[PDB]
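Colleague: What follows is final-v5.cif; its format and atoms are mmCIF, C-alpha atoms and all ligand atoms.
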```cif
data_structure
loop_
_atom_site.label_atom_id
_atom_site.label_comp_id
_atom_site.auth_asym_id
_atom_site.auth_seq_id
_atom_site.Cartn_x
_atom_site.Cartn_y
_atom_site.Cartn_z
CA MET A 1 0.00 0.00 0.00
CA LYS A 2 1.32 3.33 -1.24
CA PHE A 3 1.37 6.71 0.53
CA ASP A 4 2.08 9.92 -1.40
CA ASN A 5 3.78 11.55 1.61
CA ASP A 6 4.47 10.70 5.27
CA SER A 7 1.50 12.74 6.39
CA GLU A 8 -0.88 10.34 4.67
CA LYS A 9 0.90 7.36 6.23
CA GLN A 10 0.47 9.18 9.53
CA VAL A 11 -3.26 9.34 9.19
CA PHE A 12 -3.20 5.65 8.46
CA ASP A 13 -1.09 5.00 11.55
CA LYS A 14 -3.41 7.14 13.69
CA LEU A 15 -6.65 5.65 12.34
CA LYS A 16 -5.42 2.07 12.79
CA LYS A 17 -4.81 2.74 16.47
CA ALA A 18 -7.98 4.77 17.00
CA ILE A 19 -10.22 1.95 15.75
CA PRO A 20 -10.83 0.12 19.10
CA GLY A 21 -12.05 3.25 20.87
CA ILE A 22 -13.94 4.44 17.78
CA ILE A 23 -15.81 1.18 17.28
CA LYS A 24 -16.59 0.84 20.97
CA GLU A 25 -17.69 4.39 21.93
CA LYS A 26 -19.62 5.39 18.76
CA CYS A 27 -20.29 2.34 16.59
CA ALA A 28 -21.48 0.18 19.46
CA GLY A 29 -18.67 -2.46 19.20
CA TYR A 30 -19.83 -3.71 15.81
CA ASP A 31 -16.70 -4.33 13.72
CA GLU A 32 -17.89 -6.41 10.77
CA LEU A 33 -16.71 -4.74 7.55
CA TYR A 34 -17.32 -6.41 4.21
CA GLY A 35 -17.47 -9.76 6.01
CA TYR A 36 -14.18 -9.36 7.88
CA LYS A 37 -13.24 -8.48 11.45
CA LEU A 38 -11.30 -5.36 12.12
CA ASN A 39 -11.36 -4.97 15.89
CA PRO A 40 -8.67 -6.57 17.98
CA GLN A 45 -12.96 -11.94 24.14
CA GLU A 46 -9.70 -13.43 22.90
CA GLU A 47 -11.42 -15.61 20.33
CA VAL A 48 -9.78 -12.93 18.21
CA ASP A 49 -6.89 -15.38 18.27
CA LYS A 50 -8.96 -17.10 15.64
CA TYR A 51 -10.94 -14.64 13.48
CA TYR A 52 -8.79 -11.50 12.97
CA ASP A 53 -6.58 -11.21 9.89
CA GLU A 54 -4.37 -8.17 10.33
CA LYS A 55 -3.36 -7.64 6.74
CA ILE A 56 -7.05 -7.74 5.77
CA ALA A 57 -8.03 -5.30 8.48
CA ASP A 58 -5.19 -3.07 7.32
CA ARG A 59 -6.03 -3.14 3.60
CA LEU A 60 -9.63 -2.29 4.39
CA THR A 61 -8.78 0.76 6.46
CA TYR A 62 -6.34 1.81 3.68
CA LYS A 63 -9.27 1.49 1.39
CA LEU A 64 -11.23 3.86 3.55
CA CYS A 65 -8.44 6.48 3.79
CA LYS A 66 -8.08 6.42 -0.02
CA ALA A 67 -11.82 6.90 -0.33
CA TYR A 68 -11.81 10.01 1.84
CA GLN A 69 -8.58 11.49 0.52
CA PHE A 70 -6.66 10.82 3.73
CA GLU A 71 -8.60 13.54 5.52
CA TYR A 72 -8.61 12.04 8.99
CA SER A 73 -11.67 13.48 10.64
CA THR A 74 -13.72 12.71 7.52
CA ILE A 75 -12.48 9.12 7.48
CA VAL A 76 -13.57 8.29 11.02
CA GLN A 77 -16.94 10.00 10.62
CA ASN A 78 -17.75 7.77 7.61
CA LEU A 79 -16.25 4.70 9.22
CA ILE A 80 -18.88 5.33 11.92
CA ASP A 81 -21.65 5.83 9.39
CA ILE A 82 -20.67 2.60 7.62
CA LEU A 83 -20.42 0.37 10.69
CA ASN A 84 -23.64 1.73 12.21
CA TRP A 85 -25.51 1.15 8.95
CA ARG A 86 -24.10 -2.39 8.86
CA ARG A 87 -25.82 -2.95 12.23
CA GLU A 88 -29.10 -1.14 11.74
CA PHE A 89 -29.65 -2.24 8.17
CA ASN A 90 -28.41 -5.85 8.02
CA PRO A 91 -26.37 -6.23 4.80
CA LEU A 92 -25.03 -9.68 5.71
CA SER A 93 -28.59 -10.85 6.34
CA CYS A 94 -29.91 -9.46 3.04
CA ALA A 95 -27.57 -11.89 1.24
CA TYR A 96 -27.56 -15.05 3.38
CA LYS A 97 -30.87 -15.17 5.29
CA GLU A 98 -33.70 -13.15 3.77
CA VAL A 99 -36.08 -14.37 1.10
CA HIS A 100 -36.43 -12.28 -2.04
CA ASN A 101 -39.11 -12.10 -4.70
CA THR A 102 -38.41 -14.93 -7.12
CA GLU A 103 -38.46 -13.00 -10.40
CA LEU A 104 -35.73 -10.83 -8.82
CA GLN A 105 -33.25 -13.64 -8.08
CA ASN A 106 -33.46 -14.60 -11.75
CA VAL A 107 -32.09 -11.23 -12.86
CA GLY A 108 -29.11 -11.24 -10.50
CA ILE A 109 -26.15 -13.23 -11.84
CA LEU A 110 -22.79 -13.55 -10.08
CA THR A 111 -19.67 -14.87 -11.85
CA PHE A 112 -16.00 -15.29 -11.06
CA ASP A 113 -13.06 -15.88 -13.43
CA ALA A 114 -9.99 -17.06 -11.54
CA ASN A 115 -7.85 -16.11 -14.54
CA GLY A 116 -9.44 -12.80 -15.45
CA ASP A 117 -7.92 -9.38 -15.77
CA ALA A 118 -7.14 -7.46 -12.58
CA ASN A 119 -10.28 -6.41 -10.73
CA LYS A 120 -12.46 -7.90 -13.40
CA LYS A 121 -12.47 -11.44 -11.96
CA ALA A 122 -15.49 -10.88 -9.67
CA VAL A 123 -18.47 -9.53 -11.64
CA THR A 124 -22.12 -9.08 -10.75
CA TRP A 125 -24.81 -8.76 -13.37
CA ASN A 126 -28.27 -7.22 -13.24
CA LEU A 127 -30.57 -8.29 -16.06
CA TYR A 128 -32.72 -5.25 -15.49
CA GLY A 129 -33.97 -5.14 -19.09
CA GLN A 130 -35.95 -8.30 -18.33
CA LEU A 131 -38.01 -6.32 -15.75
CA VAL A 132 -39.68 -3.69 -17.98
CA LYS A 133 -42.41 -6.35 -18.07
CA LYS A 134 -42.94 -6.09 -14.33
CA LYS A 135 -43.11 -2.62 -12.78
CA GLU A 136 -44.58 -3.85 -9.49
CA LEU A 137 -41.17 -4.95 -8.19
CA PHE A 138 -40.44 -1.23 -8.04
CA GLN A 139 -43.42 -0.13 -5.93
CA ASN A 140 -42.06 -1.85 -2.81
CA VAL A 141 -38.79 0.02 -2.84
CA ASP A 142 -37.40 -1.27 0.44
CA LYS A 143 -37.68 -4.91 -0.48
CA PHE A 144 -35.90 -4.31 -3.78
CA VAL A 145 -33.03 -2.44 -2.09
CA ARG A 146 -32.74 -5.35 0.29
CA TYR A 147 -32.58 -7.78 -2.64
CA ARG A 148 -29.80 -5.79 -4.41
CA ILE A 149 -27.66 -5.13 -1.35
CA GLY A 150 -27.88 -8.89 -1.06
CA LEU A 151 -26.25 -9.28 -4.44
CA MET A 152 -23.68 -6.61 -3.57
CA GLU A 153 -22.58 -8.47 -0.46
CA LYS A 154 -22.44 -11.88 -2.19
CA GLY A 155 -20.17 -10.30 -4.80
CA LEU A 156 -17.65 -9.20 -2.19
CA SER A 157 -17.45 -12.68 -0.74
CA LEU A 158 -15.44 -13.38 -3.91
CA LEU A 159 -12.78 -10.75 -3.37
CA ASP A 160 -9.30 -11.18 -1.88
CA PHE A 161 -8.74 -7.87 -0.16
CA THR A 162 -5.05 -8.68 0.36
CA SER A 163 -4.51 -8.95 -3.38
CA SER A 164 -3.71 -6.29 -5.95
CA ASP A 165 -5.63 -8.01 -8.78
CA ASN A 166 -8.83 -8.97 -6.88
CA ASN A 167 -9.64 -6.25 -4.32
CA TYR A 168 -12.32 -4.55 -6.43
CA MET A 169 -15.45 -5.67 -8.27
CA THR A 170 -16.91 -5.19 -11.73
CA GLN A 171 -20.60 -4.85 -12.52
CA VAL A 172 -22.73 -5.16 -15.65
CA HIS A 173 -26.24 -3.94 -16.27
CA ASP A 174 -28.04 -5.46 -19.20
CA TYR A 175 -30.82 -3.19 -20.27
CA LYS A 176 -31.72 -5.20 -23.36
CA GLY A 177 -35.35 -4.42 -23.78
CA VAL A 178 -35.90 -1.08 -22.09
CA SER A 179 -38.50 1.12 -23.71
CA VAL A 180 -37.89 4.84 -23.67
CA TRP A 181 -41.52 5.42 -22.68
CA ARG A 182 -41.53 3.22 -19.57
CA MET A 183 -39.13 5.21 -17.43
CA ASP A 184 -41.44 6.15 -14.58
CA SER A 185 -40.49 7.54 -11.15
CA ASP A 186 -40.75 4.06 -9.61
CA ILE A 187 -37.53 3.08 -11.36
CA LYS A 188 -36.00 6.47 -10.63
CA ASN A 189 -36.67 5.85 -6.93
CA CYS A 190 -35.03 2.42 -6.64
CA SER A 191 -31.99 3.59 -8.66
CA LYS A 192 -31.39 6.67 -6.56
CA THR A 193 -31.87 4.72 -3.32
CA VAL A 194 -29.45 1.90 -4.08
CA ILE A 195 -27.04 4.43 -5.62
CA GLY A 196 -26.98 6.40 -2.36
CA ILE A 197 -26.06 3.29 -0.46
CA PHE A 198 -23.24 2.23 -2.80
CA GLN A 199 -21.93 5.81 -2.70
CA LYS A 200 -22.24 6.33 1.07
CA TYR A 201 -21.40 2.82 2.33
CA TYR A 202 -19.55 0.91 -0.26
CA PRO A 203 -16.77 3.28 -1.45
CA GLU A 204 -13.58 2.06 -3.11
CA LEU A 205 -15.05 -1.28 -4.19
CA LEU A 206 -15.97 -0.70 -7.87
CA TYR A 207 -13.34 -0.96 -10.61
CA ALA A 208 -15.50 -0.81 -13.77
CA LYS A 209 -19.23 -0.81 -14.46
CA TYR A 210 -20.64 -1.59 -17.94
CA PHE A 211 -24.12 -0.64 -19.12
CA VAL A 212 -24.82 -2.74 -22.20
CA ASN A 213 -27.60 -2.96 -24.79
CA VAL A 214 -28.61 0.70 -24.27
CA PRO A 215 -30.02 2.60 -27.28
CA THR A 216 -28.70 6.20 -27.81
CA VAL A 217 -32.21 7.62 -27.34
CA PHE A 218 -31.44 7.00 -23.65
CA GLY A 219 -28.82 9.73 -23.32
CA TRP A 220 -31.08 11.84 -21.13
CA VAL A 221 -31.51 8.97 -18.70
CA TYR A 222 -27.75 8.48 -18.40
CA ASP A 223 -27.20 12.17 -17.94
CA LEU A 224 -29.82 12.50 -15.20
CA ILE A 225 -28.76 9.43 -13.20
CA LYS A 226 -25.03 10.34 -13.28
CA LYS A 227 -25.80 13.45 -11.23
CA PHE A 228 -26.20 11.10 -8.23
CA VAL A 229 -22.65 9.61 -8.33
CA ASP A 230 -19.25 11.12 -7.71
CA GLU A 231 -16.59 11.82 -10.36
CA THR A 232 -14.53 8.97 -8.94
CA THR A 233 -17.05 6.32 -9.73
CA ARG A 234 -18.39 8.15 -12.81
CA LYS A 235 -14.98 7.76 -14.45
CA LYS A 236 -15.48 3.97 -14.15
CA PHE A 237 -18.70 3.99 -16.21
CA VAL A 238 -18.87 2.61 -19.79
CA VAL A 239 -22.04 2.52 -21.94
CA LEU A 240 -22.34 -0.03 -24.76
CA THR A 241 -25.16 0.18 -27.27
CA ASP A 242 -24.14 -3.29 -28.66
CA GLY A 243 -23.93 -5.92 -25.90
CA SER A 244 -21.83 -8.29 -28.02
CA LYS A 245 -18.88 -5.92 -27.65
CA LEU A 246 -18.71 -6.75 -23.96
CA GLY A 247 -15.98 -9.34 -24.46
CA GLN A 248 -13.68 -6.55 -25.61
CA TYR A 249 -13.70 -5.56 -21.92
CA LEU A 250 -14.50 -8.78 -19.97
CA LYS A 251 -12.23 -11.36 -21.53
CA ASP A 252 -14.02 -14.48 -20.25
CA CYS A 253 -17.68 -13.48 -20.27
CA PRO A 254 -19.99 -15.74 -22.29
CA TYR A 255 -19.64 -15.76 -26.08
CA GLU A 256 -23.42 -15.71 -26.36
CA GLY A 257 -24.68 -12.16 -25.83
CA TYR A 258 -21.52 -10.80 -24.53
CA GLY A 259 -19.05 -11.56 -27.30
CA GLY A 260 -16.71 -13.12 -24.75
CA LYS A 261 -14.30 -16.07 -25.06
CA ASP A 262 -16.19 -18.77 -23.08
CA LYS A 263 -18.20 -20.52 -25.84
CA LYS A 264 -18.96 -23.50 -23.58
CA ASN A 265 -21.50 -21.97 -21.22
CA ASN A 266 -23.68 -18.86 -21.40
CA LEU A 267 -24.28 -16.42 -18.52
CA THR A 268 -26.85 -18.70 -16.81
CA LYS A 269 -24.49 -21.63 -16.81
CA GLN A 270 -21.66 -19.38 -15.59
CA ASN A 271 -23.46 -18.36 -12.38
CA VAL A 272 -22.17 -19.08 -8.88
CA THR A 273 -24.74 -20.59 -6.47
CA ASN A 274 -22.60 -21.86 -3.60
CA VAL A 275 -22.25 -18.44 -1.94
CA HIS A 276 -21.27 -19.31 1.58
CA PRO A 277 -20.59 -16.28 3.88
CA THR A 278 -17.11 -15.43 5.02
CA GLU A 279 -15.83 -16.95 8.23
CA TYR A 280 -16.44 -13.91 10.40
CA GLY A 281 -19.59 -13.20 8.44
CA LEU A 282 -21.08 -16.48 9.60
CA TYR A 283 -20.14 -15.90 13.24
CA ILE A 284 -21.83 -12.47 13.22
CA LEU A 285 -24.95 -13.90 11.61
CA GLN A 286 -25.46 -16.93 13.87
CA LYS A 287 -24.54 -15.04 17.06
CA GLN A 288 -27.23 -12.58 15.96
CA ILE A 289 -29.92 -15.29 16.00
CA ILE A 290 -29.49 -16.32 19.65
CA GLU A 291 -30.22 -12.80 20.97
CA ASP A 292 -33.46 -12.52 19.03
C1 LIG A 301 -35.66 1.31 -17.27
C2 LIG A 301 -35.08 0.32 -16.63
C3 LIG A 301 -33.95 0.56 -15.60
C4 LIG A 301 -33.90 0.09 -14.35
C5 LIG A 301 -34.94 -0.78 -13.60
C6 LIG A 301 -32.67 0.53 -13.77
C7 LIG A 301 -32.25 0.23 -12.51
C8 LIG A 301 -31.15 0.75 -11.90
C9 LIG A 301 -30.78 0.56 -10.50
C10 LIG A 301 -31.62 -0.29 -9.53
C11 LIG A 301 -29.61 1.21 -10.33
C12 LIG A 301 -28.73 1.46 -9.09
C13 LIG A 301 -27.84 0.34 -8.60
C14 LIG A 301 -27.76 -0.88 -9.43
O1 LIG A 301 -28.81 -1.60 -9.36
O2 LIG A 301 -26.60 -1.40 -9.34
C15 LIG A 301 -29.27 1.83 -11.57
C16 LIG A 301 -28.17 2.63 -11.73
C17 LIG A 301 -27.77 3.23 -12.89
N1 LIG A 301 -28.38 3.15 -14.11
FE1 LIG A 301 -30.14 2.12 -14.47
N2 LIG A 301 -31.98 1.27 -14.71
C18 LIG A 301 -32.73 1.32 -15.86
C19 LIG A 301 -32.36 1.94 -17.03
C20 LIG A 301 -31.19 2.63 -17.30
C21 LIG A 301 -30.78 3.30 -18.56
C22 LIG A 301 -31.59 3.35 -19.88
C23 LIG A 301 -29.56 3.86 -18.36
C24 LIG A 301 -28.72 4.65 -19.41
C25 LIG A 301 -27.39 4.45 -19.54
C26 LIG A 301 -29.15 3.57 -17.00
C27 LIG A 301 -27.97 3.97 -16.39
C28 LIG A 301 -27.63 3.85 -15.07
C29 LIG A 301 -26.48 4.43 -14.43
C30 LIG A 301 -25.36 5.29 -15.03
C31 LIG A 301 -26.59 4.02 -12.96
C32 LIG A 301 -25.66 4.27 -11.76
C33 LIG A 301 -24.97 2.94 -11.45
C34 LIG A 301 -23.97 3.18 -10.35
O3 LIG A 301 -23.94 4.34 -9.83
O4 LIG A 301 -23.39 2.17 -9.83
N3 LIG A 301 -30.18 2.85 -16.43
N4 LIG A 301 -30.22 1.55 -12.51
#
```
How would this structure read if it were set down as structure tokens?
Modeller:
Amino acid sequence: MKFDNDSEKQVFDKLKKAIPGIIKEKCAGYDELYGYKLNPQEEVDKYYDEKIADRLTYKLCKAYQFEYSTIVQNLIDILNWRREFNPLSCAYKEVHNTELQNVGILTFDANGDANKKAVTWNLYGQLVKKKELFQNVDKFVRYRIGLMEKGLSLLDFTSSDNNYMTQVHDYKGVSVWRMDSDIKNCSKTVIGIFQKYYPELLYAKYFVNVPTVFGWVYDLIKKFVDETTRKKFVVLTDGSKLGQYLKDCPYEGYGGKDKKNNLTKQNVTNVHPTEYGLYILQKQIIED
């Protein structure tokens, strides 16, 4: 991990040591981040990887430009949200509307390009049929955070080639007339969460099978994300070009190199929470 000048490595050194008190006085002792433990009760012999805890707080300094007092304030807002909301539970415990699970695909390519080995896919174009999934906003957002968290169970935060995620939206089928404020409302809601609570986890996001009559949509949505993640956005009118960016995505649809199996056959279904993730979840269900 690289510091531009000592003073940045000094806010890392300070933050790393402030974490116990921070977590304890203001987060209420919850220290599950992205399925890993970051709070050194000496079971911690067992479930505390230091280099993972350290890369994740690096990740949070980078996100907030090594401005100390901003880092801690958002580290609080993240950890509290992880308690009040339950992101781990959205992925591994809750039941989600069935037509929704079918449009969330999760794939991993052990030999893929850096930070394009873990990908999640939303087949949102399939859901212009069904604009009732969007009236109950909260249950959607719980579905999607569930896919977000399952994606990160596939990352290796210690690595340099697999500590970020890639995401594809397939909008094949959207009609430019059916763009009602229900959809606007789910988008903006999820977006706020990704922005406020999942920073420094996206590498690239591809939006494929999008006609050019949709420019006004793309312009309006983008005003809800920061320049940092906006620079990672790519819009593809022709979905078969996707293999030019994801080397091992399915040949069918996505022009990729895997001609054996399509996207459905590429899915991952064994999802299996992280070690600490499981602890947090089962210990939660004795104090009901
Ligand atoms: C009409 C059907 C659509 C639905 C249901 C939909 C749904 C969503 C949702 C739920 C999100 C936020 C998080 C995501 O799920 O990962 C999102 C984000 C976004 N959408 Fe769409 N969308 C639609 C159409 C479009 C179109 C036509 C465009 C034009 C390019 C577009 C561009 C974007 C962009 C740039 C974001 C921000 C993603 C990010 O910040 O991570 N969407 N959309």
Colleague: Counting only C-alpha atoms and all ligand atoms, which protein, DNA or RNA residues come within 6 Å of ligand LIG 301 (chain A), given as a short mmCIF file (atom, residue, chain, number, x, y, z; two decimals) with C-alpha atoms, keeping the file's coordinate frame?
Modeller:
```cif
data_model
loop_
_atom_site.label_atom_id
_atom_site.label_comp_id
_atom_site.auth_asym_id
_atom_site.auth_seq_id
_atom_site.Cartn_x
_atom_site.Cartn_y
_atom_site.Cartn_z
CA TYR A 128 -32.72 -5.25 -15.49
CA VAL A 178 -35.90 -1.08 -22.09
CA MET A 183 -39.13 5.21 -17.43
CA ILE A 187 -37.53 3.08 -11.36
CA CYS A 190 -35.03 2.42 -6.64
CA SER A 191 -31.99 3.59 -8.66
CA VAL A 194 -29.45 1.90 -4.08
CA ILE A 195 -27.04 4.43 -5.62
CA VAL A 214 -28.61 0.70 -24.27
CA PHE A 218 -31.44 7.00 -23.65
CA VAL A 221 -31.51 8.97 -18.70
CA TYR A 222 -27.75 8.48 -18.40
CA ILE A 225 -28.76 9.43 -13.20
CA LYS A 226 -25.03 10.34 -13.28
CA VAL A 229 -22.65 9.61 -8.33
#
```
Colleague: Per residue of range 21-45 of chain A within 8 Å of range 276-288 of chain A, what are the shortest atom pair and its distance in Å to one decimal, counting all atoms listed in the file, with rows by chain and residue number, as JSON lines?
Modeller:
```
{"residue": "A:32", "atom": "CA", "partner": "A:281", "partner_atom": "CA", "distance": 7.4}
{"residue": "A:35", "atom": "CA", "partner": "A:281", "partner_atom": "CA", "distance": 4.7}
{"residue": "A:36", "atom": "CA", "partner": "A:280", "partner_atom": "CA", "distance": 5.7}
{"residue": "A:37", "atom": "CA", "partner": "A:280", "partner_atom": "CA", "distance": 6.4}
```
Colleague: Which residues are near residue 252 in chain A? Cut-off 6 Å, only C-alpha atoms, ignore same chain within fewer than 6 positions. Put them as a PDB file with C-alpha atoms, in the frame of the given file.
Modeller:
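Below is the file around.pdb, written as the result:
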```
ATOM      1  CA  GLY A 260     -16.710 -13.120 -24.750  1.00  0.00           C
ATOM      2  CA  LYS A 261     -14.300 -16.070 -25.060  1.00  0.00           C
ATOM      3  CA  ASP A 262     -16.190 -18.770 -23.080  1.00  0.00           C
TER       4      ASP A 262
END
```
Colleague: Looking at all atoms listed in the file, which of A:151, A:290, A:169, A:67 is the one that sits closest to residue 207 in chain A?
Modeller: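 When distances to residue 207 in chain A are compared using all atoms listed in the file, the smallest one comes from A:169.
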Colleague: Please report the interatomic distance between CA of residue 240 in chain A and CA of residue 176 in chain A in Å with one decimal.
Modeller: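 Going from CA of residue 240 in chain A over to CA of residue 176 in chain A covers 10.8 Å.
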Colleague: For range 99-135 of chain A versus range 161-167 of chain A, which residues have an atom no more than 9 Å away, and what is each residue's nearest atom pair and distance in Å rounded to one decimal, using only C-alpha atoms, chain-then-number order, as a Markdown table?
Modeller:
```
| residue | atom | partner | partner_atom | distance |
| --- | --- | --- | --- | --- |
| A:117 | CA | A:165 | CA | 7.5 |
| A:118 | CA | A:165 | CA | 4.1 |
| A:119 | CA | A:166 | CA | 4.8 |
| A:120 | CA | A:166 | CA | 7.5 |
| A:121 | CA | A:166 | CA | 6.7 |
| A:122 | CA | A:166 | CA | 7.5 |
```
Colleague: Hey, can you spit out that residue selection with C-alpha atoms as a tab-separated table (two decimals), keeping the file's coordinate frame?
Modeller:
```
chain	number	residue	atom	x	y	z
A	117	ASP	CA	-7.92	-9.38	-15.77
A	118	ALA	CA	-7.14	-7.46	-12.58
A	119	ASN	CA	-10.28	-6.41	-10.73
A	120	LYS	CA	-12.46	-7.90	-13.40
A	121	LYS	CA	-12.47	-11.44	-11.96
A	122	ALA	CA	-15.49	-10.88	-9.67
```
Colleague: Which residues of range 174-264 of chain A come within 12 Å of range 89-105 of chain A, and what is each one's closest atom pair and distance in Å (one decimal), counting all atoms listed in the file, sorted by chain and residue number, as CSV?
Modeller:
```
residue,atom,partner,partner_atom,distance
A:197,CA,A:89,CA,10.9
A:198,CA,A:91,CA,11.8
A:201,CA,A:91,CA,10.6
A:202,CA,A:91,CA,11.1
```
Colleague: At most 12 Å from (-41.1, -3.4, -14.6), file frame, all atoms listed in the file: which residues, as a PyMOL selection string?
Modeller: chain A and resi 103-104+127-140+175+177-179+181-188+190
Colleague: CA of residue 249 in chain A to CA of residue 113 in chain A: how many Å, to one decimal?
Modeller: 13.4 Å
Colleague: Using Å and a single decimal, report how far CA of residue 48 in chain A sits from CA of residue 11 in chain A.
Modeller: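 A separation of 24.9 Å between them.
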Colleague: Excluding residue 152 in chain A and any residue of its chain fewer than 4 positions from it, enumerate the residues within 8 Å of it, using all atoms listed in the file, and give them as a PyMOL selection string.
Modeller: chain A and resi 124+148+156
Colleague: Extract, using only C-alpha atoms, all DNA, RNA and protein residues at most 12 Å from residue 21 in chain A, discarding same-chain residues fewer than 6 positions from it, and format them as a ChimeraX atom specification.
Modeller: /A:14-15,27-31,39-40,76,80
Colleague: Excluding same-chain residues fewer than 4 positions from residue 77 in chain A, what lies within 12 Å of it counting only C-alpha atoms, as a count of residues only?
Modeller: 18
